[PDB]
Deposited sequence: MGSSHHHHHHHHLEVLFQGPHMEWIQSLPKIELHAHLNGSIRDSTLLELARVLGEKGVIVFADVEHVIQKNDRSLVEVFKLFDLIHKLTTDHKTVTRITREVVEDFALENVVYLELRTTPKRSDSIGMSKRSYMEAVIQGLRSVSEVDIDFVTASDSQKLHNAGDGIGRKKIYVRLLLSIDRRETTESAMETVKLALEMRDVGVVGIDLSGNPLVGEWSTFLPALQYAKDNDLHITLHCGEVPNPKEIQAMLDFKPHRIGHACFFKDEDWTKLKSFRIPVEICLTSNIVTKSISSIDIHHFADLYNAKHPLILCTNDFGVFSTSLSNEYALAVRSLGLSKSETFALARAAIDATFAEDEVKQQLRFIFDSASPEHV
């Protein structure tokens, strides 16, 4: 069961860098910061331990994580570790998304934060990596706009993404607390990104919000994430616009955004032949792996090995990679296909 799924080549399209941290790394960072007196280690260890990861509590957890991880050398470390972890379960293509941070007291700009991410990619040595333009993994980057930001700070992220297209930035995400901010703040920056040929993925429908869901669909992003609280008119529009959905099974169940895997919309989308991609979202926060997500889907839908492999391969055309990378991915999958029957 889990062994063949672990061996399947897989494509990860929705993984937030600071949601993908090893527990042992987070606790080590906390210990060091406590020895310096920045935090009380026992309280921090407690929140990492006890936060029930309901939707409200998840964003409190991210505020704590960011207190532990926002410095250049830590960004470099966790970038390398996340790439290693995905490569070890035979992710062959990763779009890693992260919110560039500004931290004036340590001389960190959004640009230097992203330069520390690039340094993390350059530091990968346990696997072979392709990110510009023994397992091998292709990595491309999405820069996240957090819904707490302003239009002008969102525009700084978009401008930075355009400047970093040579080191594998391919797109922009809108994410962060779905209870905060207005679509009208971010639509103008996302439109600038889209008009400059960046690919766009939007977190959409994480909470009930009918006007915002319709407005995000009308923008015609290249992908959306989650789609938990769509109504029928939203599904009809989504299916007509053919926007792929990044499906986050464990996340949606843990946050109580979806009552159970057996009603999760990924099954309706699968049966309607609508593009979907199984994703981890935050494999550290939610204690999962991409192989575990596939295992949940495979059990729930009763997929054969051939159907599972076909679903995994279908994610290629939803990537934001250059066409040459997609051609390489088609070669990788077609070459592995006979082993998954």
Which parts of the deposited sequence have no C-alpha atoms in the model?
1-20, 154-168
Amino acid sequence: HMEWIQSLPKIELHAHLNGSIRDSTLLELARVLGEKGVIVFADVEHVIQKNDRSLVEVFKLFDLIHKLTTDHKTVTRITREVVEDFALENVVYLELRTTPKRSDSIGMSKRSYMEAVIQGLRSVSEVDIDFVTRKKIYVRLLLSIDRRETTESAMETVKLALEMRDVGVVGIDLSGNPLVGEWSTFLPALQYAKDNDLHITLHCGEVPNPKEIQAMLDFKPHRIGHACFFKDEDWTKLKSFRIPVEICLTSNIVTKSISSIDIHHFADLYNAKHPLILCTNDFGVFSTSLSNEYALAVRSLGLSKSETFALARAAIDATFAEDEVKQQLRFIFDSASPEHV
From here on, numbers count along this sequence of modelled residues.
Per the entry, higher mean C-alpha B factor between 48-56 and 286-294:
48-56
According to the deposited model, is the average Cα temperature factor higher in 248-256 or in 219-227?
248-256
Tell me, please, which of 313, 66, 273, 36 has the highest C-alpha B factor according to the deposited entry?
36
Third of chain Cα B-factors occupied by residue 326:
middle
Residue 199: CA temperature factor from the record, placed by chain third, in the lowest
For residue 81, the third of its chain by CA B-factor is the lowest
Among the modelled residues of its chain, the C-alpha B-factor of residue 102 falls in the third labelled highest
Could you tell me which third, lowest, middle or highest, the C-alpha B-factor of residue 281 occupies within its chain?
lowest
